[PDB]
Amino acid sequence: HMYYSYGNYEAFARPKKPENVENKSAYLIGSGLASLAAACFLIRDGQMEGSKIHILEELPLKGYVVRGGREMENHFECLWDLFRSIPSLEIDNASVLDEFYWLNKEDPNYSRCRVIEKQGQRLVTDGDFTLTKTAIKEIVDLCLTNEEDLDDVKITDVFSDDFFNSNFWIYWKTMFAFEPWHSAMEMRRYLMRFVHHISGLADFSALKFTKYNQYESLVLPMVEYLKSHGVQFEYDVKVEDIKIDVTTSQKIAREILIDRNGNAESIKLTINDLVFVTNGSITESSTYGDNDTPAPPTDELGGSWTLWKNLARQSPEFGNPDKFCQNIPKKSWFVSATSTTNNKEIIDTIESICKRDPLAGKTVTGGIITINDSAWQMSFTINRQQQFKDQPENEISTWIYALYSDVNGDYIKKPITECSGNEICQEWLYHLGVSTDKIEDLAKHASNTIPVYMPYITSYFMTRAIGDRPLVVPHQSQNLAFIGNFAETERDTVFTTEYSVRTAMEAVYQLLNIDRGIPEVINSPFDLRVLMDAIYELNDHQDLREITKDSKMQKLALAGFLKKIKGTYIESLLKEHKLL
């Protein structure tokens, strides 16, 4: 009930108003980005009446909290389709895309220091991938494995020592938060999804960022758009179950069972009432500490995981939530912290490493800096400052995360899950090279650090088999869709904002049978030019002669290849992409 496309014809074309939409309604479970994106497509392309769109939100502090997962790139094809239509709240007569596009041209993101070690020194080989030929072959062999052969396969099952010792793996695992036991299938999707940006892996020159935090820069513009169209925001609503009738030819959602401000209630559905479920949540059951208190660890399942489990009982086609929310290793990333300071000693120390003034209002770290020799495997980033419109102009907020949660720190000799905000700050300042006799005062009195414990922050990447995620529109579903980063669609990568928008758009287009193409995941792994660039970059900027110089059966296979293509367009292409 959809088709994929690419190019300007389908991008700029508008769909006809879908048939009979005047008699349809929609319920969106939650107010995360996928739900809001789906509501926007229901308004813009479905032409559904705003009064018939209901966003059901469950909800009705000692410091600023920043989040991750909002790096963008140019080829977020669905996200830019959406946000060209959302008015900016910052610039008159401009969209969110316009604001974003102009900002990232005036102040393009890049890193001047990507990896540090030995308490604040730059890694000597920063910029190189240091991949052996064995490690490169493992990357290629993974990509040439069919996704259907990677059910439950770990990253450690498909790579060996050379790869795990490479700079490539340092950049990769920290920038995307891959753990060694995570899904090889998802790593494969990432390798092919972003291959056009391999020349920007080490310096983050392909990353693009909104001016402010994602709530300010993406959520509030969508909320204003939706409210201007009459969309209903309903608060204090907890969805406990959805009764679905699963017959031989149809799946139809019949009833949403809720608690509305303490009262058990029922929303009766017909086939003409659409339901969009964001199944699962990486932020559910988050806990918070403060400068003096750790965020208390938890394993609680909240409303989102409970709902997906209740749906999973009703059809095997609705997925297997326990693959994602159970058996999460205790080494996994759980804790992040936001450290806020106006202290000049800290800010100057950061400037000495990242080479830019953190208070200037432009790019600061350009993305995460990784402390390669930290026991916690800690990275931190400082976006353009300030990330909050109410924050004082003399303050920065730094985001810190640790890939390993059950390992004693190098300065604070405790696992991060036992650490207060100030203790996490102290470990960080130690790795910046702050003199050890100043660290305690700078962390406790000059900084305010809020730790957050997220039981499910690694859940998107857990090892999975085909079938564990429901299709966006399960087979024969008439009025039920699954959206967000635990729903299934081809090729695209989870833990990205694009995946939220793509699943939303595919859900709305399929359920309403909207007659317009959905942009395919960008065709870069099929593009011979992109692939030539990848060969050059993966081999740390060697041409084919240097690549093959130490292999008899390559050096002669290349000599015979070059003789056949000499003076041809193939040779000119290879010279253009630096392989000859």
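Position 1 is the first residue in the sequence shown; the rest follow in order.
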{"item": "Unresolved deposited residues in the interval that joins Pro60 and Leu61", "value": "10 or more"}
{"item": "Residue stretch of maximal mean CA temperature factor, 410-418 vs 239-247", "value": "239-247"}
{"item": "Greater mean Cα temperature factor according to the PDB record, 305-313 or 358-366", "value": "305-313"}
{"item": "Most elevated Cα B-factor in the entry, residues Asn539, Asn523, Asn513, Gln47", "value": "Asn539"}
{"item": "Candidate set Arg254, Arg384, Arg491, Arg188 [ranked by C-alpha B-factor, highest]", "value": "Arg254"}
{"item": "Ranked against its chain, the third holding the CA B-factor of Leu544", "value": "highest"}
{"item": "Third assignment of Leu144 from its chain's C-alpha B-factors", "value": "highest"}
{"item": "Third of the chain, ranked by Cα B-factor, where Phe163 sits", "value": "highest"}
{"item": "Ranked against its chain, the third holding the CA B-factor of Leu28", "value": "middle"}
{"item": "B-factor third for the C-alpha atom of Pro18 within its chain", "value": "middle"}
